[PDB]
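Below: one structure, written as structure tokens.
Read-outs: derived from the displayed coordinates by stated rules, not from any lab. So basically every Cβ, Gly included, is an ideal-geometry build from the backbone, and we count neighbours across all protein chains shown.
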């Protein structure tokens, strides 16, 4: 089997991407944030505290003939941005792009933090990291990918995120029309439950490439590119008037600037992030200070190749017995 679904930016900045997902029978379609940095499939639901729902579409298990309470199971998750959610668990039929899993754990939120409530466009998350990170207790549950894997034509999914445009998540096949050149594969460590890999270095604009190992994660659920302070300082030093602002919470730059590109290494291959991908616009409406898309990881504990990086590539998440990541230009 295979599946193929379009993913759409939630706003003009590409702050996140939403992908329609069918849950239950008859189908209830929710728009979920596919997140390769977490491992829970959770949704706004009929159980979510009413004051914490503001425009989201909800999953109502009582209206699904295939929903079953997963008795005694609870979940609770905290993300890198400080957001959180928790609740109970149903099993139900879940389909993405024509690919169906029966008996998928659908984590129904009873509570969500303010950042979720305030984002009316995101109806929940679909985790695509390793199932070792799933938070369901007392019986950990599998991701949609892990449950689909044995049925897929190839045990892979691909992320093809758009810059200010829709893109695609495919399951079970590699669309050889969707990228240019060849795919470079690189090793993955699953020790922390992430798609963790080591970049071979970076360049700023037309500058020379610096060969250096940068361990980090491929995380579709993170907007920006978070790298070591040395790398980030080297990038922003090439932008007149850029500075790190403790009041704003990262590097800002004059909105009048033209940003340089940023290149990262994948083995001997190179992915180039155009400068415009690094512009996240005014820090507040009407400001002439703009927020940078490359930020320091120093206060995180991990480097994160988020959407800023991943949208410059066609990315293969190879879930074979020995997982690997692949990157191609596009």
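I want to make sure I understand the PRE zone here: with the label point 7 angstrom from the Cα of residue 189 toward its beta carbon, which residues in segment 201-221 have backbone N atoms less than 15 Å away?
Correct set: 213-218.
Using r as the Cβ-Cβ distance of residue 244 and residue 150, and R0 as 45 Å, what FRET efficiency do you calculate, to the nearest 0.05?
0.40
Hey, for a label at residue 1 modelled as a point 7 Å past Cα toward Cβ, could you say which residues of segment 89-104 have their backbone N under 12 Å away?
Under 12 Å, as judged by backbone N against the label point of residue 1, lie 93-104 of segment 89-104.
Taking the Cα-to-Cβ direction at residue 230 and at residue 268 and moving 7 Å from each Cα, how far apart do the two end points lie in nm?
In this crude spin-label approximation the distance works out to 2.5 nm.
Given a Förster radius of 25 Å and the C-beta distance between residue 13 and residue 206 as r, what FRET efficiency does 1/(1 + (r/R0)^6) yield to the nearest 0.05?
About 0.45, to the nearest 0.05.
What is the antiparallel percent of DSSP beta bridges lying wholly in the chain, to the nearest 5?
85 percent
How large is the direction-averaged shadow of the alpha-carbon convex hull of the chain, in nm²?
16.3 nm²
Classify segment 5-174 from the C-alpha gyration tensor, please: rounded if a/c falls under 1.5, else prolate or oblate depending on whether a/b exceeds b/c.
rounded
Can you show me the helix-derived [θ] at 222 nm for the chain, built from DSSP H runs with n ≥ 4 at -39,500 (n - 2.57) apiece and divided by the number of residues, rounded to the nearest 500.
-1500 deg cm²/dmol, from helical runs alone.
Within 10 Å of each residue's Cβ, count the other Cβ atoms and sort 196, 47, 118 from fewest upward.
118, 47, 196
For the chain, calculate the relative contact order in percent as a whole number, restricting contacts to Cα pairs under 8 Å that are 6 or more residues apart.
19 percent
If you take the beta carbon distance between residue 29 and residue 110 as r and set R0 to 22 Å, what does 1/(1 + (r/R0)^6) give as a FRET efficiency, to the nearest 0.05?
Rounded to the nearest 0.05, the efficiency is 0.50.
So between residue 256 and residue 320, what do we pick up on full extension, going 0.36 nm a residue minus the alpha carbon distance?
Gain on extension, residue 256 to residue 320, equals 18.4 nm.
When the Kirkwood hydrodynamic radius is evaluated over all pairs of different C-alpha atoms of segment 97-217, what value in angstrom, to one decimal, is obtained?
That comes to 17.8 Å for segment 97-217.
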